[PDB]
């Protein structure tokens, strides 16, 4: 059970992170939605009730992420779970032939900074807050769950920056789990396929037609169920799980 756990969920105002918060709060946990000020964070935290609050923060900022973790610790006393869902996507070829356009350096850097450096910035700072917890009976002080993508493995045309960012999350999953093993913090990454979030919601239903079964986009509530299972299962650690209806992405 997740009842009573405190979860900080980056990208919590929409899509996968919002669905996660709704499921964990419906199961008794407390959630802090960490998302940018221009998001619907405050609306969604109101709708989810008194066990969910909004902490405005950009995951690339050390100050702002420290302030949101400080608010979560003040309000709820501790942090037990962090879910990294904050992310952006772009579709830009390395070299776009009809326009003779090279991918810019700044667009690659922006996707790296939000998705990869932003996820490490939350990990590193939440690990220190989870380390102040007393261990449970099984030695555990917290669980950190990251969101990669099947683009880490079958990146499509146009996905170089996105796939590098998500490959980086995959690549650092095991060394962070090994780093935090002495303090009892599990680190697991989910790699979603194609899900019905603002990111995707003809262009869309072609995509969807490619998922072997079920033959549709993923429902965010399915991601949220996998996050609850990862929190609950004490032995799942250092691993990346595809959640994708058996799709393999073509170019």
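Numbering follows the first chain given and starts at 1.
According to the entry, the deposited sequence places 4 to 9 unmodelled residues between residue 201 and residue 202.
Per-stretch averaging of Cα B factors for 207 to 215 and 182 to 190 places 207 to 215 on top. Averaged over CA atoms, B-factors in the entry run higher in 3 to 11 than in the other of 240 to 248 and 3 to 11. Per the PDB entry, 99 shows the highest C-alpha temperature factor of the residues 99, 124, 103, 166. Out of 120, 153, 108, 76, it is 76 whose C-alpha atom has the highest B-factor in the PDB entry. In the deposited entry, the Cα temperature factor of residue 84 sits in the middle third of values across the chain's modelled residues. Annotation for residue 132: C-alpha temperature factor in the highest third relative to the rest of the modelled chain, per the entry. When the modelled residues of the chain are ordered by C-alpha B-factor, residue 171 sits in the middle third. When the modelled residues of the chain are ordered by C-alpha B-factor, residue 29 sits in the highest third. Among the modelled residues of its chain, residue 226 has a C-alpha B-factor that falls in the lowest third according to the deposited record.
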